[PDB]
Amino acid sequence: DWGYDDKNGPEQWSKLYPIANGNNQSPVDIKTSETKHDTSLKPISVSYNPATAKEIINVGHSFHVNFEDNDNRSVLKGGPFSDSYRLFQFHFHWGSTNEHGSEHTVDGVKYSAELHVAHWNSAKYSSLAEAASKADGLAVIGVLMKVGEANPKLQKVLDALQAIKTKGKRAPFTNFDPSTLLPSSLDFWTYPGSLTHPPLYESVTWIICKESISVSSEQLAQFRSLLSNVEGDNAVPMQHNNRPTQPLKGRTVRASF
Ligand SMILES: CCNC(=O)Nc1ccc(S(N)(=O)=O)cc1
Ligand SMILES: [Zn+2]
């Protein structure tokens, strides 16, 4: 239905999802001269159990790496949160060339891709489906990915893609701790926002890392070689899946640093 093509993409999502033009939409451009340092922000604490890794899925516009979320084996705490948030997925966004592909920008600078590590509030809610539409329901860590040296931490993820080439394919994806993908510094920006694609719920507290991680030109190429079609149809590579930045509408981006 929705996608990233000219007909079904970001500038058209508002026709079926009017919250696309809301006051808490993501991503945003982080202007560093407008951020406010908040003394009350605690360090980010991630503690993930590799045994929670479950499955990798070609979802047509992207691929998702899902985690078992029946208990608190894998949690995010700290930062702006009083509640524990339970890991459920990570995924990436990328663009059609190295020049763009991140969702968030910093001082107008576009990176080549972005990693999202997503969690839901298990202190207040009983399931992702309950949490996903609540203002305090989701927490996503975003990592900007700067084109440069090959990142060996991506190897297991990239090696898995050949088994999920076309839409709907899925495979087991086990024994992996995604905190290995995060940068050395967890210094961060935070702001209240949204899912960056439909259904665009304004339910996400964003944690954007100040430090980038690397990716090579060829690693990006592997993401863009995934196919959005189902097996047996004409091949339609997944060339891009990044939303443009959206107006802050008077929100404050807080800095931990
Ligand atoms: C509500 C269903 N969302 C889901 O399964 N994964 C998801 C999709 C998008 C985002 S995002 N791009 O981090 O806003 C975070 C998580
Ligand atoms: Zn995302």
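Heavy-atom basis, side chains included; hydrogens, waters and symmetry copies ignored. Sequence positions, counted from 1, serve as the residue numbers for this chain.
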Measure the [atom1]-[atom2] distance between [X] and [Y] for me, rounded to the nearest 0.5 Å.
X: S256; Y: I208; atom1: OG; atom2: CD1; answer: 12.0 Å
X: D69; Y: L87; atom1: CG; atom2: CG; answer: 8.5 Å
X: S133; Y: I19; atom1: OG; atom2: CD1; answer: 11.5 Å

For the residue pair [X] and [Y], categorise the inter-ring angle as parallel (less than 30°), tilted (30 to 60°) or perpendicular (more than 60°).
X: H197; Y: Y4; value: perpendicular
X: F63; Y: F92; value: tilted
X: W13; Y: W2; value: perpendicular

Test: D71 and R73 ion pair at under 4.0 Å: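 Between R73 and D71 there is a salt bridge, with a charged N closer than 4.0 Å to a carboxylate O.
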Electrostatic pair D38-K36, nearest N-O below 4.0 angstrom: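 Answer for the salt bridge query: no.
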Proximity of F176 and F90 rings by center, below 6.0 Å: yes
Ring centre gap for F257 and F188 strictly below 6.0 Å: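 Not under 6.0 Å, so no.
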For [X], does the [atom1] atom have more than 12 heavy-atom neighbours from other residues, nucleotides or ligands under 6.0 Å away?
X: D6; atom1: CG; result: no
X: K165; atom1: NZ; result: yes
X: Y48; atom1: OH; result: yes
X: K134; atom1: NZ; result: yes
X: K210; atom1: NZ; result: yes

Derivation of the side chain to side chain donor-acceptor pair (under 3.5 Å) call for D107 and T32: CA-CA 6 Å; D107 296 316; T32 56; 2.6 Å; yes
Using atom types as modelled and distance alone, determine if a side-chain donor or acceptor of [X] lies under 3.5 Å from a backbone N or O of [Y].
X: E211; Y: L186; value: no
X: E103; Y: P27; value: no
X: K156; Y: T174; value: yes

Hydrophobic cluster membership, with links at side-chain heavy-atom distances under 4.5 Å among I/L/V/M/F/W/Y: are [X] and [Y] in one?
X: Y111; Y: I213; answer: no
X: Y17; Y: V28; answer: no
X: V65; Y: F88; answer: no

Results of side chain to side chain donor-acceptor pair (under 3.5 Å) for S26 - residues two or more places apart only: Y191, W206
Closest approach of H104 to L144 (non-hydrogen atoms, all atoms of both residues): O-CD2, 3.5 Å
Side chains of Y125 and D136 in contact at under 4.5 Å (non-hydrogen atoms): yes
Under the salt bridge (charged side-chain N to carboxylate O under 4.0 Å, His left out) test, residues paired with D83 that sit two or more places apart: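 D83 satisfies salt bridge (charged side-chain N to carboxylate O under 4.0 Å, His left out) with no residue once adjacent residues are dropped.
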Flag for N98-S112: side-chain donor and acceptor within less than 3.5 Å: no
